[PDB]
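Working notes for the structure below.
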Amino acid sequence: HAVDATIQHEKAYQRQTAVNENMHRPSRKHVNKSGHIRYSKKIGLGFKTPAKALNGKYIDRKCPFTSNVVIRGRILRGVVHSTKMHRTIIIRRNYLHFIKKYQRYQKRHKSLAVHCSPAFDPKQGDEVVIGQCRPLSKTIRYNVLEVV
Amino acid sequence: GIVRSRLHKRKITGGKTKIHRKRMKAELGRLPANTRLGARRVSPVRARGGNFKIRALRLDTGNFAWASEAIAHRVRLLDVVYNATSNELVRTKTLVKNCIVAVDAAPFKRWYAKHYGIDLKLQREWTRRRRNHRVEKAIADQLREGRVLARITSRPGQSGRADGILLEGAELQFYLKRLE
Amino acid sequence: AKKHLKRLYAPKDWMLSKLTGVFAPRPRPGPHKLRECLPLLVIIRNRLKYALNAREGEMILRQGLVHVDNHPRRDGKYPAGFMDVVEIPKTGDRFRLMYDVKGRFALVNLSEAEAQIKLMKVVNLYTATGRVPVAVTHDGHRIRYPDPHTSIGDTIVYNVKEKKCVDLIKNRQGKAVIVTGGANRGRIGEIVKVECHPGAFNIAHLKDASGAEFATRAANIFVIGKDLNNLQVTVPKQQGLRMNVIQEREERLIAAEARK
Amino acid sequence: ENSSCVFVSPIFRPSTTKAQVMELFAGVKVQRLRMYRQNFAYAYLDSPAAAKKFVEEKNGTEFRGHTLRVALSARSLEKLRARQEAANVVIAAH
Amino acid sequence: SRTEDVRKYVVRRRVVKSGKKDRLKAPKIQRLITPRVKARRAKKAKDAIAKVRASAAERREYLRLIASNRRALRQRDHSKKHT
RNA sequence: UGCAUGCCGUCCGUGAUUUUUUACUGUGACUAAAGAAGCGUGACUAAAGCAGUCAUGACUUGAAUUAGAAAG
RNA sequence: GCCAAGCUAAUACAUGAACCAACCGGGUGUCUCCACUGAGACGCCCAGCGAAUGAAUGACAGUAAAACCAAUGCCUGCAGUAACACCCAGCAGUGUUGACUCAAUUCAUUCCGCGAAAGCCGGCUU
């Protein structure tokens, strides 16, 4: 094959670790619909692999569907707050907290940094489902699993 | 000594962490190997649990694989040509994982002749082997020139070895243009 | 690197008094967990009264007079646990360690025939070098060639004299189990259904012989027979039936009046 | 137990022609050769009765290239003919 | 010589104490190979090969069981089609 | 070692098709002792303790039970 | 707190075990045979646990009737049909999890850590 200029925008060549793309007799186990070889996996907790993961061309280590990152621990929900960073977003969780002495509630919120794979295109104000993973940066502990 | 803890870092609020404990051995770091090209010289390091890490200081030979043929050979290293971190590493000829090197191509030529009967007993399994098999012009051009490009796949500062794989496909063209 | 155990921090089931010592014997690593075991010194000094103190317990144990699973044990900190067989041939005593209806450790007397086998729960299955399937047990045993139908929830009947497996009982909808942990420990029931929640704890719903309903986590049930009437092991006196607290107190008062 | 067919091993189909086997065979034998196991060879004598050619030689002697073994095949040629009649009907039936 | 006994040539030291019999002191000989020791070593090799032989037999029985259960399923299938 | 083989509603895996939470409330699970509540017990009573009671041993002795924020 | 010389133990340190003793695979040379390539010897290598790099396996689970070539299997043309050119005619066609680049297996090249303590007692020539 030739070099895809739409993808190779770095000083080092971008490739998937799991498979070898330069194979003369590729195996149908990891053969994509468009001929090429692509590695993808099924994560566990009743979630579906997006079609862009199986049939796309993006290279993303730290993607739960196309890399060695696994999902284990907590599953949470939140609303998208900011999308200014590259391949990572900020989400907000809003909740009510009870005070016993004054039998009443007060509004509180929390913020989390979440890695977003190129399979999704969330916008500010949208709702997402996220899952816990191993530490990926100084602050990132979650990965986007579905966009609603 | 060197530590790997997060205590000295700033908080995301910009505030300063007040440390109320001394440094612990369980969070240490060590000085880098800075492996160079030359006659073999290694140094053992006793790591946690009693196991040993082999710190390579100089290397000049390695085990390199031709992925298409699923074989491997032991060959001599000649030069360091490219490095994505910085070209000051190329100037000093430093060996690290994922750097591009040039290796001797003579052992690979000998294997090709003895396996396919092609120069670049009655039982002719060669005719069977050449059926539905072809070689890339980019590789054969280097095999005739004497040296062939390869990518280091091991971590010399952790295991003491410099192993790798030959460049083929679109990855070969990517680095050829970056060297042109 | 902890090697002590304060008496206030020791498990309540050991029944050690708070006023008669600062420390308790700390069990060593072994077949059973520290929080779910009963050290040999506690068995021989308390419970059975063959030893009056720790000095006499050491005399008995270090001679090799106590056998656990057909093997002499010489350590008073050896952790003994659920379904273990303890034999003292010089005295002529054989017991199995079980849970009574109140969740406490109980020693059940055994006949010579019944002392040759023990029930083993599978907890893991993996492949060893040379493609050998291995089954890991709740008491740390490693069986090198289990039956091809073995699953992680099943129970294995194991002959300890010949070191050979004899039978396999599967975890199904119509089987009898005993609870080994939680608030319902010691109760014997029958499986009604099992709820599967991937990634979290599965929940089992059980039915007692008297029709009472209760539930536990799937990791706390232990298969012991194909139905409530054909059990492959001997159970304690109460047969795993929880009794009403109001009713139980009334009978105890009546019995005291008649006894005197 | 006396049976018509007799089993011959370890003759090799690709190395020996058809003419070679009856050279060892006394006669009146129907030959069939198998390739799933090279050694296999079934010899159904016309009038075997007491298999003199099987009780004699067999394990004691050796065929060309390799030693040979013979055992009673416990197979009746009549049953094969019965299946042959049914099979031909099936071929006609389709 | 190689076959000569060495216990006879060990050096004895004489100790004299007043009003007591003489004391003769000789070392205990180390690395003295006796027929009791020779039999002990040879048993170790014999049981090591025995244990490995038993393990291979256990493997054959397991593979026999797997194959036998596998052939009964296809035999049962052929029985259904025949009837 | 074929020593073998036969005499409509469900179960389980995978694909296709489209959507309702949170909160409150009822149960249930999972949750160290010591401390608090309290069932039994004439340590001479009590503050205590978990023991002891009765005729080559028995009581197939006893040591019941509860509450503990919020979040999950 | 210390120096030099002379003696001497090991379960300290170092070295080191052929045949008994198997199954299975990869690469290659001389003999027999078939056909005009295929099979079997024979030789010759190399194949342990663990570690490193590379290549495969680590399943399937969206449609059905039939022709034509070359190579094969079984019947005397397509019935019958785990797989496999003999020694083994069933000596793995089947690891686990919610999920794995994990467990384990085969192939190529490379380490350059791995005693049967070369041990100690006891009971009856073993």
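A note on labels: chains of the structure tokens are A, B, ... as shown, every chain counts residues from 1, and ligands are counted from 1 in their shown order.
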
Using only C-alpha atoms (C1' of nucleotides), tabulate the residues of chain A lying at most 12 Å from any atom of chain G, each with its closest atom pair and that distance in Å to one decimal, by chain and increasing residue number, as a tab-separated table.
```
residue	atom	partner	partner_atom	distance
A:16	CA	G:101	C1'	10.5
A:17	CA	G:101	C1'	7.7
A:18	CA	G:101	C1'	5.4
A:19	CA	G:101	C1'	8.7
A:20	CA	G:55	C1'	9.9
A:23	CA	G:55	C1'	10.2
A:25	CA	G:56	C1'	11.4
A:26	CA	G:56	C1'	10.9
A:27	CA	G:56	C1'	9.4
A:29	CA	G:59	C1'	10.1
A:39	CA	G:101	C1'	10.0
A:40	CA	G:101	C1'	11.1
A:41	CA	G:99	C1'	8.9
A:42	CA	G:99	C1'	6.9
A:43	CA	G:99	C1'	4.8
A:44	CA	G:99	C1'	3.9
A:45	CA	G:98	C1'	5.2
A:46	CA	G:98	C1'	7.7
A:47	CA	G:98	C1'	10.2
A:64	CA	G:99	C1'	10.6
A:65	CA	G:99	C1'	10.7
A:66	CA	G:101	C1'	10.7
A:67	CA	G:101	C1'	8.4
A:68	CA	G:101	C1'	6.6
A:69	CA	G:100	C1'	9.2
A:70	CA	G:99	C1'	7.4
A:71	CA	G:99	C1'	7.6
A:72	CA	G:99	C1'	8.7
A:73	CA	G:98	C1'	11.4
```

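Residues lying within 12 Å of residue 65 in chain D, counting only C-alpha atoms (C1' of nucleotides) and ignoring same-chain neighbours fewer than 5 positions away, are residues 9, 10, 11, 12, 15 and 16 of chain D; 32, 33, 40 and 41 of chain G.
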
CA of residue 44 in chain D and CA of residue 87 in chain D, how far apart in Å? 20.5 Å

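Here is the contact set of chain E against chain F, at 7 Å and counting only C-alpha atoms (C1' of nucleotides): residues 72, 75, 76 and 79 of chain E.
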
Quick one: write out the picked residues with C-alpha atoms as a PDB file, in the first residue's frame?
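Generated output (part.pdb):
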```
ATOM      1  CA  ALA E  72     -19.323 -41.728  20.855  1.00  0.00           C
ATOM      2  CA  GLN E  75     -21.179 -42.851  16.420  1.00  0.00           C
ATOM      3  CA  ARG E  76     -24.541 -41.789  17.837  1.00  0.00           C
ATOM      4  CA  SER E  79     -26.834 -44.437  14.264  1.00  0.00           C
TER       5      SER E  79
END
```

Could you give me the residues within chain E that DSSP places in strand (DSSP E), as a VMD selection string? chain E and resid 13 to 15 23 to 25

Residue hits in chain G, query chain C, radius 10 Å, only C-alpha atoms (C1' of nucleotides), as number ranges by chain: G: 49, 92, 95-96, 98-99, 103-105
